[PDB]
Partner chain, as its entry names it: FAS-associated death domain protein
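The chain below stands alone, shown as structure tokens; this is the form deposited without its partner chain.
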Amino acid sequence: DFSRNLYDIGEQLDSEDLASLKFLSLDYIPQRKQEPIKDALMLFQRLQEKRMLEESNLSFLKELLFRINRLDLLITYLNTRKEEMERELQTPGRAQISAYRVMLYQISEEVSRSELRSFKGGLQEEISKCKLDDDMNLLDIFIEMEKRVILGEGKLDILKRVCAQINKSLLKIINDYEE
């Protein structure tokens, strides 16, 4: 049962997983349709409307779950191992989440709370006309930066400047992406 399996997968994803999944889908689901998505099922329904998810096409859902490190869900509900995922996503042209989006997600995955406060302060420095919200996570900050075109595939100067002021492993994730 396809719909039931989607429902069960959705029952195992909380608000934080959902925020991550929404960020990783940003290039296919725009902000107006992102806003009312409060549970994973609504995200899945939007993906079904684009035919990016159907009984015969599980690739994007598998890639999403892999990128947020839900290997438990991959094996339990989609009969898929980490190694199959790795070899599939290393085949050129098969990954549907861009390397840039994944890179940003991995940065946000290694920034702690205090490091988030340093990030927010440095970016408020770059944004001297708008007081940022205080509840923002790093993914929200990335979205705000993209809106101002101070962050993008061809613009990592401010990201690098801020990350270098915080931790060298962040600059490493960035440089590996560039390579």
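Only residues modelled in both forms are compared. Throughout, rigid core stands for the largest set of C-alpha atoms superposing within 1.5 Å between the two forms. Residue numbers count along the first chain shown, from 1.
> Looking at the deposited entry, does 24 to 32 or 150 to 158 carry the larger mean Cα B-factor?
Result: 150 to 158.
> Out of 68 to 76 and 82 to 90, which stretch has the higher average CA B-factor listed in the record?
Higher mean C-alpha B-factor: 82 to 90.
> Highest Cα temperature factor in the entry, among the options 112, 48, 59, 56: which one is it?
Out of 112, 48, 59, 56, the record gives the largest C-alpha B-factor to 112.
> Going by the recorded CA B-factors, say which third of the chain residue 144 sits in, lowest, middle or highest.
According to the entry, residue 144 has a C-alpha B-factor in the chain's middle third.
> In terms of the CA temperature factor given in the entry, to which third of its chain does residue 175 belong: lowest, middle or highest?
Highest third.
> Ranked by Cα temperature factor within the chain, is residue 138 in the lowest third, the middle third or the highest third?
It falls in the middle third of the chain.
Only in words, not in the display: the form deposited with its partner chain bound, which the text now covers.
> Report yes if all three of 117, 125 and 161 come within 4.5 Å of its partner chain in the deposited complex by some heavy atom, otherwise no.
Result yes, every residue of the spot touches its partner chain.
> Going through 128 to 156 from first to last, which residues have a non-hydrogen atom within 4.5 Å of its partner chain in the deposited complex?
Counting only heavy atoms within 4.5 Å of its partner chain in the deposited complex, the single contacting residue of 128 to 156 is 129.
> Looking at 131, 51, 38, 147, which has a Cα shift of 2 angstroms or more between the shown form and the other one when the rigid core is held fixed?
Among the listed residues, the one whose C-alpha moves by 2 Å or more is 131.
> What direction does the residue 155-residue 130 Cα distance move in the deposited complex compared with the shown chain, closer or farther, given a change of 3 Å or more?
Pair moves farther apart in the deposited complex.
> Provide the ranges, sorted by sequence, of consecutive runs with at least 3 residues in which each Cα shifts 2 Å or more between the shown form and the other one, based on a superposition on the core.
After superposition, only residues 125 to 134 shift as a run.
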